[PDB]
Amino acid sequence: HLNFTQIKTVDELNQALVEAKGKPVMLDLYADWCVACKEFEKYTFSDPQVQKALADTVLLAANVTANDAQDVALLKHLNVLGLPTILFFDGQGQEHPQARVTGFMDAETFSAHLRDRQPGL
């Protein structure tokens, strides 16, 4: 398993971004009712080469299972329309929307995505 730091709100994300100055960041958004999110955890975040590739990346995640007010505010703020979504931030805490992942990617596909599109590295 990869070690994700849980964030709940917009400003916990922002703070995490500020604290991560100089490092690449990755924000995974999941929910318990999300089938493809679990696929990601089981078949992709579990890959030995995927994990190596994220070794130096700050790992954040938001559990939006409850779809409460803070969850919805976070999703809006990030313009996230469905799950799974993964967002990527460079070393200045800026997002690179062109690196978003918005469906399941298998290990080989996600490796290639990180190699070809991951920011801040």
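Numbers follow the displayed sequence, beginning with 1.
- Mean CA temperature factor is higher for 1-9 when stretches 1-9 and 111-119 are set side by side in the entry.
- The top Cα temperature factor in the record, among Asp71, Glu95, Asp56, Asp47, falls on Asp71.
- Which of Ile86, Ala66, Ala62, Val35 has the largest Cα B-factor in the deposited entry comes down to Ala62.
- Sort the modelled residues of the chain by CA B factor and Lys21 lands in the highest third.
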